[PDB]
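Colleague: The structure's right below; bear with me while I get my questions together.
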Amino acid sequence: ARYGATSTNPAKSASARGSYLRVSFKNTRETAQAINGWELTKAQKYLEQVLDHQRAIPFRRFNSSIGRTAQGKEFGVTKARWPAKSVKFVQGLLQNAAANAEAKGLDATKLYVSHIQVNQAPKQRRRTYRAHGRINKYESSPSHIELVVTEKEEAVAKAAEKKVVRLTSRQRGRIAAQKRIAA
Amino acid sequence: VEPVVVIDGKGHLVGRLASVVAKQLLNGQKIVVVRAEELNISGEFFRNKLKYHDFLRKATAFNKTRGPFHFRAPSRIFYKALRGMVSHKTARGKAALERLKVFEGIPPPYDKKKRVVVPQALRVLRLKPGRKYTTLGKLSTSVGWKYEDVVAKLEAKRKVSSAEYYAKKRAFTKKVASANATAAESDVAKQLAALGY
Amino acid sequence: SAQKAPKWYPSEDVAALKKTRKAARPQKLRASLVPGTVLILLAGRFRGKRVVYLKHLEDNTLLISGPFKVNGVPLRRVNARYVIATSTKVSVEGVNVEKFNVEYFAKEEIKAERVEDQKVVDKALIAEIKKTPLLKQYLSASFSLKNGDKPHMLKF
Amino acid sequence: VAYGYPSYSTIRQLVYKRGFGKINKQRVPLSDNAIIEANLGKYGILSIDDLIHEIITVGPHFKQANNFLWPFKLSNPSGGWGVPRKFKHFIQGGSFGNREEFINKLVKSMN
Amino acid sequence: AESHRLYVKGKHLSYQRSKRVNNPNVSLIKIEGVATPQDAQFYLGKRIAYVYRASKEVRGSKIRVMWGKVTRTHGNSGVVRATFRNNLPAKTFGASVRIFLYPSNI
Amino acid sequence: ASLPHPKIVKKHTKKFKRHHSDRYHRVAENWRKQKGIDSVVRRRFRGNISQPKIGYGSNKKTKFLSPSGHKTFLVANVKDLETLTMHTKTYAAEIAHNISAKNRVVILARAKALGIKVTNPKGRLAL
RNA sequence: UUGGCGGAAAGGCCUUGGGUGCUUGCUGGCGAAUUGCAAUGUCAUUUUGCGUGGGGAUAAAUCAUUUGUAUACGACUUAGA
RNA sequence: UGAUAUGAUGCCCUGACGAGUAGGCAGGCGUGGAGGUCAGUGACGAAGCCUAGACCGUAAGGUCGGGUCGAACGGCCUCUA
RNA sequence: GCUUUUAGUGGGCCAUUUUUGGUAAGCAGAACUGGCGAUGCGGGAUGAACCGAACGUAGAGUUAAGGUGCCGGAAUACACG
Ligand SMILES: [Mg+2]
Ligand SMILES: [Mg+2]
Ligand SMILES: [Mg+2]
Ligand SMILES: [Mg+2]
Ligand SMILES: [Mg+2]
Ligand SMILES: [Mg+2]
Ligand SMILES: [Mg+2]
Ligand SMILES: [Mg+2]
Ligand SMILES: [Mg+2]
Ligand SMILES: [Mg+2]
Ligand SMILES: [Mg+2]
Ligand SMILES: [Mg+2]
Ligand SMILES: [Mg+2]
Ligand SMILES: [Mg+2]
Ligand SMILES: [Mg+2]
Ligand SMILES: [Mg+2]
Ligand SMILES: [Mg+2]
Ligand SMILES: [Mg+2]
Ligand SMILES: [Mg+2]
Ligand SMILES: [Mg+2]
Ligand SMILES: [Mg+2]
Ligand SMILES: [Mg+2]
Ligand SMILES: [Mg+2]
Ligand SMILES: [Mg+2]
Ligand SMILES: [Mg+2]
Ligand SMILES: [Mg+2]
Ligand SMILES: [Mg+2]
Ligand SMILES: [Mg+2]
Ligand SMILES: [Mg+2]
Ligand SMILES: [Mg+2]
Ligand SMILES: [Mg+2]
Ligand SMILES: [Mg+2]
Ligand SMILES: [Mg+2]
Ligand SMILES: [Mg+2]
Ligand SMILES: [Mg+2]
Ligand SMILES: [Mg+2]
Ligand SMILES: [Mg+2]
Ligand SMILES: [Mg+2]
Ligand SMILES: [Mg+2]
Ligand SMILES: [Mg+2]
Ligand SMILES: [Mg+2]
Ligand SMILES: [Mg+2]
Ligand SMILES: [Mg+2]
Ligand SMILES: [Mg+2]
Ligand SMILES: [Mg+2]
Ligand SMILES: [Mg+2]
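Chains as they are written, first to last, in the authors' numbering: chain x, 2 to 184; chain w, 3 to 199; chain n, 2 to 109, 129 to 176; chain o, 134 to 244; chain AG, 2 to 107; chain AF, 2 to 128.
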């Protein structure tokens with residue numbers, strides 16, 4: 002418990018986590034974001050296609066010197082990629098949230114992914130040998146992932162304030178005469 | 003005074019017309035300038051041709067695009083004189099410049115709209131007689147402006163229509179004059195006369 | 002203690018005002034304002050209305066009337082610095098006006133006395149206005165500045 | 134500096150308006166004749182006009198009279214200086230030196 | 002009639018300023034039809050409004066007003082100096098402004 | 002209810018923040034004065050931030066007064082609070098930050114009895 | 001509603017005929033207040049959204065696949081009920 | 001200095017003056033520990049931390065609210081590094 | 001008027017006038033004063049040293065040197081060439 006900020010209604014939601022996972026943080030950030038807000042079913046089908054190289058993942062923040070592909074057009078993007086490992090780890094967590102929704106007895110057809118957040122797990126050091134007897138760090142960049150699915154619901158109703166109006170003697174005068182004068 | 007002021011550039015001196023247009027803009031006055039090709043510059047044609055070629059050699063050495071742009075059209079030669087009188091890199095300046103339109107010839111709706119003059123930029127009032135001066139259209143054409151014939155053509159056509167318009171009006175004001183004078187010597191007339199009308 | 006005590010406290014005795022010398026002398030009005038003179042109202046509810054000047058009250062205001070039957074303005078208080086005094090005048094000499102003072106207008129719909137007072141003053145004024153042609157029409161028209169009007173030039 | 138010959142008029146208005154005395158230093162405004170009589174009394178001079186008289190006639194006690202008055206503090210001229218540049222001599226179209234009786238027009242605009 | 006107007010038109014020109022420094026406490030106003038300092042002496046002390054619009058209704062109107070007065074004349078051409086209760090926003094250089102006829106001395 | 006005072010004039014209300022406190026995180030906003038040789042701030046070049054100086058000092062009459070007109074006085078308990086018994090037009094009690102909730106109900110109560118003003122009555126109120 | 005004109009960015013101008021509202025050309029009847037001595041005292045035109053019902057209309061582009069007159073990747077150029 | 005009211009380094013009247021590196025001096029702000037005191041604050045929440053919320057000071061800084069927290073801590077006169 | 005004690009400094013540079021060396025130098029070296037260095041503010045577009053003017057926080061007025069076709073506050077002012 003204690004995820005990142007959510008505006009949702011917990012009664013109609015289910016959630017999932019994984020921590021300390023060895024997956025590129027940068028990569029799964031871009032892939033998590035590609036699913037964000039999506040209808041859960043459409044998202045699962047989407048991810049499957051990414052794996053098939055039928056569609057791709059828009060790389061929006063960490064993209065610099067990535068390649069270009071026609072598969073970014075869909076998203077209005079030249080730079081996109083097909084990060085297999087990120088996808089598989091996410092759909093694992095997607096699959097978990099689905100189960101929990103079932104167990105809670107939530108309608109599985111109303112489900113969209115309302116919250117999906119990745120950030121940085123502690124790193125993992127390994128080392129490499131560099132010319133002239135030198136050593137450098139070689140490091141894993143693991144992620145924490147969390148997502149939340151919610152039952153979709155209809156509109157807002159209204160429920161607003163009355164906006165109390167305060168007008169002067171000369172201001173309330175014109176009003177009283179306005180109806181005196183005309184309709 | 004008016005929402006829009008249309009200036010007929012014919013016979014006006016560039017820098018002095020520019021100087022008064024710039025100020026009006028910054029004071030919130032919309033201006034459209036017409037017949038820019040009929041504009042004047044002091045000094046004989048050759049001096050001002052030479053001055054243009056002076057301006058023509060300036061360019062960014064590594065890329066001629068980033069460098070200064072040379073617009074050949076009369077309206078644009080004008081806009082340059084004007085834009086230099088505005089602080090055009092400020093919001094306030096860009097605001098004032100959007101209140102402006104310059105045109106070669108007199109294109110639609112302005113052709114049927116009245117246009118005015120600026121006595122302090124007027125060549126015939128300003129230049130001492132005998133001094134040599136330059137027409138913007140001829141200058142532009144020598145530096146590459148392509149449209150002088152097309153404009154002169156369309157103008158000659160526009161000028162024929164406007165002549166009929168004028169003739170019909172001059173005739174109508176002849177009736178109105180005759181009617182006005184048949185009312186003269188009546189009571190209401192003599193009474194107005196007393197009050198200065 | 003969270004904070005120490007001061008060693009000294011201010012006295013809570015209020016002093017008395019010094020004995021001020023500023024007398025209220027009367028306000029002499031600008032010579033263009035004399036009773037019977039038509040005023041142009043520059044502001045307020047009745048702004049732009051042309052109205053007749055009647056009496057200078059004790060609170061410095063001007064007692065005016067439309068007449069109500071002409072332009073719809075009743076017997077009323079108006080502030081002398083919000084008015085343009087014209088040069089056109091009616092003789093006011095058949096108009097009582099004695100009755101009307103500051104207390105008359107104290108706030109405390130329309131009292132019948134007010135409604136009768138209005139009829140009695142206006143009939144006198146109307147009697148006088150009919151004398152010069154077009155004046156009543158003038159009095160029923162709103163003043164406004166047209167294009168090219170320059171107040172610092174215009175004679176009123 | 135600029136200087137010249139002051140008229141009775143401008144001496145009079147110099148003292149009535151910007152005239153102050155030096156009393157245990159402390160630059161005291163004049164404003165009542167007792168202030169003068171108190172400090173200049175031993176020389177004669179019990180009024181503000183007694184002072185003025187001592188100045189303009191350059192009396193026997195002029196030194197004590199004059200030193201009694203704090204240096205006058207004048208504003209800039211309200212007309213302006215009349216010249217395009219001040220630091221030429223008066224004769225050369227400038228403001229400095231002895232402009233003689235023209236000093237009154239200047240000082241009155243500075244007072 | 003068609004014309005209801007009780008004020009003279011004007012333009013917010015500048016703040017009081019040097020070449021390189023301005024003074025938001027003073028605004029320079031161009032009054033229509035006033036071409037000389039003498040003409041402009043008529044308007045000194047007249048009250049000025051700058052009227053504008055806003056999205057939030059406040060006291061019941063979507064129209065707001067900044068009030069000021071004409072203070073001195075400015076230069077030879079009939080421009081006028083004026084101060085306002087709060088200084089004018091400076092996006093209004095070139096905006097229209099209303100000079101009234103009160104307080105009246107006529 | 003406060004002793005009458007001249008209109009309170011603050012004279013510079015903006016906070017004096019350290020030069021470059023906005024440039025680098027390592028530099029706190031707390032005022033500190035530039036000692037640099039070339040520094041534009043120390044040299045008062047037109048366009049830069051202004052530094053504290055004694056000219057800004059508040060009028061002796063209204064100095065220390067709050068908007069209401071009372072000087073504020075820190076209060077731990079009733080005994081402290083009661084030192085204001087004879088000056089209610091001058092000082093107001095501000096209840097100390099570490100006073101317990103139940104104790105605050107007692108100080109407020111006695112405050113009311115004595116007519117002594119309290120600046121943070123809503124503190125720790127169970128509502 | 002009639003007839004005609006305008007392509008420089010015409011997108012507006014002129015004309016015919018009946019209907020209709022107003023007319024301060026002139027002369028009448030009624031109304032106005034208490035918005036309280038001023039407080040812009042609110043009358044303009046921008047874009048958009050949500051339902052209604054009066055006409056009107058019933059596509060394409062992209063991914064993938066494919067050609068090589070094209071190409072580092074994108075892009076280009078072909079092809080596909 | 002005159003008690004019977006509260007600061008004598010105080011209170012009241014008055015005049016003049018105000019640039020600043022290196023540098024001198026002065027009056028103040030803040031910290032760890034020490035003597036004294038307020039029979040100071042606190043598990044009914046000490047300290048700490050967060051907070052384009054509030055208030056006092058020209059400033060160093062001080063005070064409060066709210067959140068988080070869990071065992072100690074502060075005002076004043078003095079001492080000390 | 002008089003006494004004691006102690007910091008920093010002991011690379012300086014510029015302008016008018018006097019002036020030495022050098023063809024000369026934004027070069028090198030003296031004289032008197034005023035400056036920059038240590039100093040912001042208005043003017044000279046720009047600039048250590050020029051012109052004006054030396055700085056507590058502010059309100060109103062007036063000016064300096066310099067400006068007032070437009071950039072830009074301020075006469076597309078008057079007058080003789
Ligand atoms: Mg975690
Ligand atoms: Mg980053
Ligand atoms: Mg990055
Ligand atoms: Mg690449
Ligand atoms: Mg790159
Ligand atoms: Mg590469
Ligand atoms: Mg891209
Ligand atoms: Mg290697
Ligand atoms: Mg090795
Ligand atoms: Mg109405
Ligand atoms: Mg060449
Ligand atoms: Mg008296
Ligand atoms: Mg009088
Ligand atoms: Mg009527
Ligand atoms: Mg003057
Ligand atoms: Mg004069
Ligand atoms: Mg000069
Ligand atoms: Mg004076
Ligand atoms: Mg400057
Ligand atoms: Mg430092
Ligand atoms: Mg510097
Ligand atoms: Mg330096
Ligand atoms: Mg057009
Ligand atoms: Mg529809
Ligand atoms: Mg100092
Ligand atoms: Mg102190
Ligand atoms: Mg200390
Ligand atoms: Mg300590
Ligand atoms: Mg604060
Ligand atoms: Mg507070
Ligand atoms: Mg709390
Ligand atoms: Mg706590
Ligand atoms: Mg514990
Ligand atoms: Mg100590
Ligand atoms: Mg020594
Ligand atoms: Mg030594
Ligand atoms: Mg020594
Ligand atoms: Mg030594
Ligand atoms: Mg010098
Ligand atoms: Mg040398
Ligand atoms: Mg040095
Ligand atoms: Mg120095
Ligand atoms: Mg200096
Ligand atoms: Mg000199
Ligand atoms: Mg420019
Ligand atoms: Mg100007």
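Where a beta carbon is used, it is the ideal one built from N, C-alpha and C, also for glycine.
Run the CB neighbour count on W147/w, radius 10 Å, all protein chains shown included, and call it buried at 16 or more, exposed below.
Modeller: Counted from its first residue, the second sequence places residue 147/w at position 145. Answer is buried; the Cβ neighbour count reaches 16.
Colleague: Throw me the rounded Cβ distance for the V98/n and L55/n pair, which I believe falls under 8 Å.
Modeller: The count along the third sequence starts at 1 and reaches residue 98/n at position 97. The count along the third sequence starts at 1 and reaches residue 55/n at position 54. Going by Cβ atoms, the distance from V98/n to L55/n rounds to 5 Å, so yes, they are a contact pair.
Colleague: Below 8 Å on the Cβ atoms is my contact criterion, and I expect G61/AG with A83/AG to pass it. Report the Cβ-Cβ distance as a whole number of Å.
Modeller: In the fifth sequence, counting from the first residue as 1, residue 61/AG sits at position 60. In the fifth sequence, counting from the first residue as 1, residue 83/AG sits at position 82. Between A83/AG and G61/AG the Cβ distance is about 28 Å, and since that is not below 8 Å, they are no contact.
Colleague: Comparing C-alpha positions only, which one of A2/AG, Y53/AG, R6/AG and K10/AG sits nearest to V81/AG?
Modeller: Counting from one through the fifth sequence, the residue named residue 81/AG turns up at place 80. Nearest of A2/AG, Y53/AG, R6/AG and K10/AG to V81/AG, Cα basis: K10/AG.
Colleague: Starting from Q172/x, find everything on chain AG with Cβ-Cβ shorter than 7 Å and list it in chain order.
Modeller: Taking the first sequence and counting its residues from 1, the one referred to as residue 172/x is at position 171. In chain order: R60 and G61.
Colleague: Determine which residues of the region 145-172 of chain x have a Cβ less than 9 Å from any Cβ of chain AG, and write them out in chain order.
Modeller: Against chain AG - using a Cβ distance shorter than 9 Å - the residues of the region 145-172 of chain x are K164, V166, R167, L168, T169 and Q172.
Colleague: Buried or exposed for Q138/n, going by 16 or more other Cβ atoms inside 10 Å?
Modeller: Working through the third sequence from its first residue, we reach residue 138/n at position 118. Under this definition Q138/n is a buried residue.
Colleague: Any chance the CB of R19/AF is under 8 Å from a heavy atom of ligand 31?
Modeller: Within the sixth sequence, numbered from 1, the residue matching residue 19/AF stands at position 18. Flag unset: Cβ of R19/AF not near ligand 31.
Colleague: Could you please go through the chain and list the residues whose beta-carbon is closer than 6 Å to any non-hydrogen atom of ligand 10?
Modeller: Selection output, chain order preserved: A178/x and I182/x.
Colleague: Is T120/AF near ligand 30, going by C-beta to nearest heavy atom under 8 Å?
Modeller: For the purposes of this step, residue 120/AF is taken as residue 119 along the sixth sequence, with counting starting at 1. Yes; taking the cut-off as 8 Å, the Cβ of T120/AF has a heavy atom of ligand 30 nearer than that.
Colleague: Report yes if the C-beta of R94/w is less than 8 Å from at least one heavy atom of ligand 1; otherwise report no.
Modeller: Counting from 1 along the second sequence, the entry for residue 94/w is found at position 92. Checking the Cβ of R94/w against ligand 1 gives no.
Colleague: Leaving out five residues before and five after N97/x in sequence, what residues of the same chain have Cβ atoms less than 6 Å from its Cβ?
Modeller: The sequence position of residue 97/x within the first sequence is 96, counting from 1. Cβ within range, chain order: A17.
Colleague: What is the rounded straight-line gap between the Cα of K100/n and the Cα of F106/n?
Modeller: The sequence position of residue 100/n within the third sequence is 99, counting from 1. The sequence position of residue 106/n within the third sequence is 105, counting from 1. Roughly 11 Å between the two C-alpha positions.
Colleague: Using a Cβ-Cβ cutoff of 7 Å, what residues of the region 60-87 of chain n are near chain AF? List them in chain order.
Modeller: Correct list: empty, as no residue qualifies.
Colleague: Helix, strand or coil for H13/AG, going by three-state DSSP, please let me know.
Modeller: Taking the fifth sequence and counting its residues from 1, one reaches residue 13/AG at position 12. Here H13/AG sits in strand by DSSP.
Colleague: Could you please give the first and the last residue of the uninterrupted alpha helix (DSSP H) stretch that includes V59/AG?
Modeller: Residue 59/AG sits at position 58 when you count from the first residue of the fifth sequence. No alpha helix (DSSP H) holds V59/AG; DSSP gives it neither H nor E.
Colleague: Quick check for students: name the residue ranges of the alpha helix (DSSP H) that lie wholly in the region 9-52 of chain n, counting only runs of 4 or more.
Modeller: Taking only runs of at least 4 residues, no alpha helix (DSSP H) segment lies wholly in the region 9-52 of chain n.
Colleague: Exposed or buried, which one is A75/w when buried takes at least 16 other CB atoms within 10 Å?
Modeller: For the purposes of this step, residue 75/w is taken as the residue at position 73 of the second sequence. Buried, by the Cβ-count rule.
Colleague: When you check each C-beta in the region 13-43 of chain w against every C-beta of chain AG, which residues fall closer than 7 Å?
Modeller: Within the region 13-43 of chain w, the qualifying residues are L28, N29 and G30.
Colleague: Look up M67/AG in the DSSP assignment and say whether it is helix, strand or coil.
Modeller: Position 66 of the fifth sequence, counting from 1, holds the residue named residue 67/AG. Of the three classes helix, strand and coil, the one that applies to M67/AG here is strand, per DSSP.
Colleague: On the three-state DSSP scale, how would you describe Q225/o?
Modeller: Along the fourth sequence, one-based indexing puts residue 225/o at 92. Helix.
Colleague: Between the region 23-51 of chain AG and chain w, which residues of the former have a C-beta closer than 9 Å to a C-beta of the latter?
Modeller: Of all residues in the region 23-51 of chain AG, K31 and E33 have a Cβ within less than 9 Å of some Cβ in chain w.
Colleague: By how many angstroms is the C-alpha of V59/AG removed from the C-alpha of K164/x?
Modeller: Within the first sequence, numbered from 1, the residue matching residue 164/x stands at position 163. Within the fifth sequence, numbered from 1, the residue matching residue 59/AG stands at position 58. C-alpha separation (whole angstroms): 10 Å.
Colleague: In chain order, what residues place their C-beta within less than 7 Å of a heavy atom belonging to ligand 45?
Modeller: Every residue passing the under-7 Å Cβ criterion appears here: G86/w, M87/w and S89/w.
Colleague: Would you identify the three-state DSSP class for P11/x, choosing helix, strand or coil?
Modeller: Your numbering for residue 11/x matches position 10 in the first sequence. It is helical.
Colleague: Taking 8 Å as the line, does the beta carbon of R18/x fall inside it for any heavy atom of ligand 1?
Modeller: Numbered from its first residue, the first sequence carries residue 18/x at position 17. Yes; taking the cut-off as 8 Å, the Cβ of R18/x has a heavy atom of ligand 1 nearer than that.
Colleague: Whose C-alpha, out of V35/w, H14/w and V104/w, is nearest the C-alpha of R117/w?
Modeller: The residue you call residue 117/w lines up with position 115 of the second sequence. Measuring from the Cα of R117/w, the nearest candidate turns out to be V35/w.
Colleague: Please list the partners that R94/w has in chain AG, where partner means a Cβ-to-Cβ separation under 9 Å.
Modeller: As a first step, residue 94/w must be located in the second sequence, where it is residue number 92. What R94/w touches in chain AG: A91, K92, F94 and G95.
Colleague: Using CA atoms only, rank isn't needed, just tell me which of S163/w, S142/w and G69/w is closest to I108/w.
Modeller: Taking the first residue of the second sequence as 1, we reach residue 108/w at position 106. For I108/w, the nearest C-alpha among the options comes from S163/w.
Colleague: Nearest chain n C-beta to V76/AF closer than 9 Å, yes or no?
Modeller: By 1-based counting over the sixth sequence, the position of residue 76/AF is 75. Answer yes: the Cβ-Cβ gap between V76/AF and chain n drops below 9 Å somewhere.
Colleague: At a cut-off of 8 Å, would you count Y130/x as near ligand 8, judging by its Cβ distance to the nearest heavy atom?
Modeller: Here the question's residue 130/x lines up with position 129 in the first sequence. Within the cutoff, so yes.
Colleague: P25/AG lies in the beta strand (DSSP E); which residues open and close that run?
Modeller: What you label residue 25/AG is simply residue 24 of the fifth sequence in a count that begins at 1. Counting along the chain, the beta strand (DSSP E) containing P25/AG begins and ends at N23 to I32.
Colleague: Do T136/w and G45/w have their C-beta atoms closer together than 9 Å?
Modeller: Along the second sequence, one-based indexing puts residue 136/w at 134. Along the second sequence, one-based indexing puts residue 45/w at 43. A contact, by the Cβ cut-off of 9 Å.
Colleague: Report buried or exposed for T37/AG, applying the criterion of at least 16 other Cβ atoms within 10 angstroms of its Cβ.
Modeller: Here residue 37/AG refers to the residue found at position 36 when the fifth sequence is read from its first residue. Answer is exposed; the Cβ neighbour count stays below 16.
Colleague: Decide if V52/AG is buried, meaning its Cβ has at least 16 other Cβ atoms within 10 Å, or exposed.
Modeller: Along the fifth sequence, read from residue 1 onward, the residue named residue 52/AG stands at position 51. By the neighbour-count rule (16 or more Cβ atoms within 10 Å), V52/AG is not buried but exposed.
Colleague: Could you check if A6/n is buried or exposed, using at least 16 other CB atoms within 10 Å of its CB as the buried criterion?
Modeller: As a first step, residue 6/n must be located in the third sequence, where it is residue number 5. Exposed, by the Cβ-count rule.
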